[PDB]
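What follows is one structure encoded as structure tokens, with my remarks underneath.
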């Protein structure tokens, strides 16, 4: 027979490195992922002091239809409507099985599997074999990367759920986006 | 402060190479022989969807040459090698960025991210992710003014080269086409 898809943990926090082709750049962030409540929080990290990217904090509530963008310094808020639907960090059953790799080398390694859902926008995810932790996600339109994103330092559960409760400023914030440049 | 480990300088495995020029990922087999300054790579096709035409590239940097070989007809292209040899290691001059852990608890590897930012007056930064215990390469990313021009992931690494004949070009490359050839069906 053929490999059957495992079940990704649906409550965990860790760190991400996200590449997007629109900018052509990498963004580091902390990432809280609560798939049980369809909600996700992310906090920009600066790598070195070279880009002055202006750090932000984004809170996405898909149970509602909304997301908040918060300057990390001034804490000023932007309320953005959420259009596209909730798309969880798991490997759906309908997905096909591409490949099984091993990362690292002979002494210290993990086995991982690459799956493709092709949800013509195609999605491809790499999750571990033993316990199904996410390592990488890639969304691609006609066979060119629009976005990929790497995950590490993952621990299960959410430590402090207040991460998901927006600051006082978002009680009545603008509606019209904020920049991301100094 | 973290000191850079020593990468293995002979291994074979598989690569996934992203290129921004194409915007695409290409899978291939990779034999890497940094002791002999030479590297061979053999295209793999994902599915039967792109008809990308498979190739085999052999890079001999000691002789300053590289050959591009059709996997079907075995026709060859000899292209002189310009930019110099750059091994898959973390040079000493490199600075230390971050230490991650991939996967989740129990089935995990710790890795270190290092950056050489090797200018050569253009400010092209190099960023490589290597394992912490025994220094195996997992990922390489070259970027010019802070946008990815090329990255490449490595897996299924075993040490040494099993059959070194991979590095001897086929009979046809003894006098090859001398220009580039296409990669399309």
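Please read every residue number as a count from 1 along the shown chain.
Per the header of the entry, the method used was X-ray crystallography, 3.2 Å.
Even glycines carry a Cβ here, placed using N, Cα and C.
According to Swiss-Prot:
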- A:6-A:132: disulfide bond (DISULFID)
- A:52-A:182: disulfide bond (DISULFID)
- A:77-A:170: disulfide bond (DISULFID)
- A:94: N-linked glycosylation site (CARBOHYD)
- A:142: N-linked glycosylation site (CARBOHYD)
In angstrom units, rounded to an integer, how far apart are the Cα atoms of residue A:52 (disulfide bond) and residue A:94 (N-linked glycosylation site)? 42
Cα-Cα distance in Å between residue A:119 and residue A:120, where 4 residues go unmodelled: 8
Reading the DSSP string in three states, the entry for residue A:94 (N-linked glycosylation site) is coil
Of the recorded positions listed as A:6, A:132, A:142, the one whose CA lies nearest the CA of residue A:170 (disulfide bond): A:132
Listed in sequence order, residues with CB under 8 A of residue A:132 (disulfide bond) and six or more positions away: A:6, A:7, A:8, A:9, A:91
Excluding near sequence neighbours, so keeping only residues 6 or more apart in the same chain, what lies with its CB under 8 A of residue A:77 (disulfide bond)? A:68, A:69, A:70, A:166, A:167, A:169, A:170, A:173, A:174
May I ask for the distance between residue A:94 (N-linked glycosylation site) and residue A:182 (disulfide bond), taken between their Cα atoms and rounded to an integer number of Å? 44
In all the protein chains shown, the tally of other Cβ atoms within 10 Å of the Cβ of residue A:52 (disulfide bond) is 9
Between the disulfide-bonded residues A:170, A:182, whose Cβ has more other Cβ atoms within 10 Å than any of the rest? A:170
From the Cα of residue A:142 (N-linked glycosylation site) across to the Cα of residue A:182 (disulfide bond), what is the distance in angstrom? 34
Which chain-mates of residue A:142 (N-linked glycosylation site) that are at least 6 residues away have a CB under 8 A from its CB, listed by sequence? A:120
Local backbone state of residue A:142 (N-linked glycosylation site), from DSSP in three classes: coil
For residue A:6 (disulfide bond), what is the secondary structure state per DSSP, taken as helix, strand or coil? coil
Say we define neighbours as other CB atoms within 10 Å of the CB. Which of the recorded positions A:6, A:94 has the fewest? A:94
